[PDB]
Structure formats: C-alpha cells, structure tokens
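Visitor: First the structure, which I've put down as structure tokens, then a few questions once you've had a look.
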C-alpha cells in the first residue's frame, strides 16, 4: 500500500518497539564511562543506539551533560571505534550467509572459493548436493559443465551409491 518494510513480530513483550526498544540498551554501553559507573542517567533524547552516526556530531549539543573532561572524551572516542567494529562484525555476520563447514571443504576440487560459491547457491550439507542435475550446475564461475558433471557423479558415488551413514 505505502511501499515500506512493515514489521509485525512482537505480541506481548516489546509491545511498543519505541518506548521499550529505545529503553533497553544496558547491553550497549556496558563499558562506556568505565571510570565511574555512578555518574548520571543516559539521555534518551539522543539514544546512542545507532553505533554509526555517533562517529561525528557537532559539539553544540553534546556538552549539556556535566563532567566531560579529556579522558572522558577519549573514552568516548574509543567506544565509538568499538561501536564501529561492532557494526562491522554485525554486517559481516549478516552478509556472510554461507557458513562453509568441514563437510563442504573436504570434497576434492572444492577449495575455499568453490565452497563459498556453493554455500552462496543455497546448499550447506551433503544430502542436497546430489538431488540436482547438471541442468542446475550452471552459472558457476571458473567451472565448466563437464567438470560439474564429473564432480556431481563423484558426489553421488560418495553419498548415494556408497550406502554409507
């Protein structure tokens, strides 16, 4: 109707996702002012819940809170870098929808790159490899059709014709 990604997940907890999500951030700034924890209450008007936009902000609004000396600003910069690293690893976890396990890197001819491409195809274990024919083994980068057929025949020998468990 409008054209935006609408999210309907929670039913009882996080009943608002605005007064509760922006209110549950104890696990974010766990060591932010690691000098003294009993300092003040976090300002909800800023939120500190983006981990990226807090890298650069004009200094006209970030001085209202009391007790901001040089070590505190340095700790803020260090935790900003830690936040950048946290979102970096989060995006690495989200973009890496491959999880190439030992079961996929043991097959001969399938290196780290070929295992990456196989996992990007949408297959992660052996029971599904042999259930697709040569007509599905195309689009592979650096892998012809006859080589695809030979490798799938070897896979069917190992898994299907072997009758192993």
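Visitor: Relative to the longest principal Cα axis of the chain, at what angle does helix 70-95 sit, 0 to 90 degrees, rounded to 10?
Guide: Here the helix axis deviates by roughly 20 degrees.
Visitor: Which residue, 99, 31, 17, tops the fluctuation ranking in a GNM of the chain built on C-alpha contacts under 10 Å?
Guide: Residue with maximal mean-square fluctuation among 99, 31, 17: 17.
Visitor: Classify the stretch 102-160 from the C-alpha gyration tensor, please: rounded if a/c falls under 1.5, else prolate or oblate depending on whether a/b exceeds b/c.
Guide: rounded
Visitor: How many nm separate the modelled label positions at residue 146 and residue 92, each set 7 Å beyond the Cα in the direction of the Cβ?
Guide: According to this spin-label approximation, the distance is 4.1 nm.
Visitor: Continuing with the same structure: For the chain, what does the alpha-carbon gyration tensor say about shape, rounded, prolate or oblate, given a ≥ b ≥ c as the root eigenvalues, a/c under 1.5 as rounded, and a/b over b/c as prolate?
Guide: Here the chain falls in the prolate category.
Visitor: Going by alpha carbons, how many degrees (0 to 90, nearest 10) lie between the helix axis of 112-121 and the longest principal axis of the chain?
Guide: It works out to around 90 degrees.
Visitor: Sticking with this one: Translational diffusion coefficient of the stretch 19-95 at 10 °C, 1.306 mPa s, Stokes-Einstein with Kirkwood Rh over Cα pairs, in µm²/s as a whole number.
Guide: For the chosen part, D equals 116 µm²/s.
Visitor: How many angstrom lie between the Cα centre of the stretch 89-139 and the Cα centre of the stretch 56-75?
Guide: Value for the Cα centre distance between the two parts: 48 Å.
Visitor: Obtain the nm distance between the two label points defined at residue 99 and residue 153 by a simple spin-label model: each point lies 7 Å from its Cα along the Cα-to-C-beta direction.
Guide: Reported label-point gap for residue 99 and residue 153 is 3.4 nm.
Visitor: Right, next: Convert 37 °C to kelvin, take the viscosity as 0.692 mPa s, use the Kirkwood radius over C-alpha pairs of the stretch 22-63 as Rh, and evaluate the Stokes-Einstein diffusion coefficient in µm²/s, rounded to a whole number.
Guide: Reported coefficient: 279 µm²/s.
Visitor: Would you mind checking the tilt of helix 145-159 against the longest principal axis of the Cα atoms of the chain, expressed as 0 to 90 degrees and rounded to 10?
Guide: Compared with the principal axis, the helix lies near 90 degrees.
Visitor: Right, here's the next one. Report the label-to-label distance for residue 127 and residue 61 in nanometres (one decimal), using points 7 Å from each Cα along the Cα→Cβ vector.
Guide: 5.4
Reconstructed Cβ throughout: ideal geometry from the backbone, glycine too, with neighbour counts over all protein chains shown. All of the numbers you see were taken from the coordinates with simple rules; none came from a lab.
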